[PDB]
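To begin, one chain is listed below as structure tokens, in the form deposited in one PDB entry.
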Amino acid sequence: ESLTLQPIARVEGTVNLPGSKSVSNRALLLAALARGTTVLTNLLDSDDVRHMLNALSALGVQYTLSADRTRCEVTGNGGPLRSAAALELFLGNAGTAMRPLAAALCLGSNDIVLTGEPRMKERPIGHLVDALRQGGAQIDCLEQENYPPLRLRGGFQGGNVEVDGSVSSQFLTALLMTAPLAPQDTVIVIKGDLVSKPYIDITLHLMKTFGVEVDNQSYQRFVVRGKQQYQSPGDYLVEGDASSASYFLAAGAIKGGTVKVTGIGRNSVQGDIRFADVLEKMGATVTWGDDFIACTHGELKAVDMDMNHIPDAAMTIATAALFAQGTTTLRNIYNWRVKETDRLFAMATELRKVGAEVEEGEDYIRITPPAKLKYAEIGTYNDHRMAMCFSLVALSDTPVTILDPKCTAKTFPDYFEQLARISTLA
């Protein structure tokens, strides 16, 4: 399968964002653990969320979904997830299911195997397993240490644990969400640098919404009290997805017009709202509201920036760089290599097909645009963001052909239709 995008002369309009994947999967897990019934509004319907929903169903969590799957009423367990069956749960390539559920299922005495698609068995989890085992969990890495599939037999108590922060923030997120329900207090010491810190902030905001606070000591040590129970907030509104928003804001920066996205704004908890600051630095004009961000085209110039705070939205800058004057350098993005694909390799390989000169560093990428873009078929590596980032090539005089376009469904099934709604073809 492929989709050819014809050259787009102008983008403009207003995009009502689908729900945030990061918020959706945290809120589903917390609602399943909490006391009380939580009603989630603007939940994302995408593969990653569906895998979380299916796992929760298999684990006995009671919930109802609206016809469109964006409103979900979750009856909380008022305690850890529990199954008497020796289940095997398939989690696709959803890190926000695999990492958080691996930790959550270490509470109690279940016997559950977590697995996923071939790529998920190549994505690291050892830093999380190490910390969980330090706290008493029984875990078997059935194929190789440091990777799924995992057999979880429970027993996490708490105590003094160390988690490496240098590869994924999702390990710390998973520990943070599970620790409050453990029988003992947990003191988490961070080994090394912590990457993707804004996603830790999402986790802490969500936990607070569900009635639990922790002591965050400068992102280097976290004190969590055990013996707690999450408390349903009642209604909870899932923010629009700020990572999905990046494509439309960038499209406005490149080929607007003014493109406005709704469902996020200046006070959102998602770190990817800071992507708009990059577009502003490149020369676009950005306007903020409480519930929108808008971007209007201006002449674009390259940037050289540390992108560790926005690793996903940073991919959008890599293709937006094709439209900027000068060489763009994106630094401190090593963990691109361990995500849906090796995104440093993939981004460099596909950018070169459209004519860019690319230096693929170990943990950075440097992109020098060609004078004129070239037509290419873009491989997408079963990575939603490769498809969505390369859609921006068509904001030029050159079409682009996206291979396997349905991979966008990991987080954004209707991406191309939403892009078409704001596009005027040349």
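For every residue, the number given is its place in the sequence shown, counted from 1.
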Given 188-196 and 106-114, the range whose Cα B-factors average higher in the PDB entry: 188-196
Stretch exceeding the other in mean C-alpha B-factor - 44-52, 392-400: 392-400
Member of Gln157, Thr316, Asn93, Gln270 with the greatest C-alpha B factor (per the PDB record): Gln157
Options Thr173, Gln220, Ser246, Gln138 - largest CA temperature factor per the record: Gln220
Entry-reported Cα temperature factor of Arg274, expressed as the chain third it lands in: middle
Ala409 - Cα temperature factor, lowest/middle/highest third of chain: lowest
Chain thirds of CA B-factor: placement of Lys372: highest
Cα B factor band for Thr328 (lowest, middle or highest third within the chain): middle
Chain third (lowest, middle, highest) by recorded CA B-factor, residue given as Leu17: middle
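The following text describes the form deposited in another entry, which does not appear among the structures shown.
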Rigid part versus rigid part between this form and the one not shown; hinge residue out of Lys255, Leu279, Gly19, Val400: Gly19
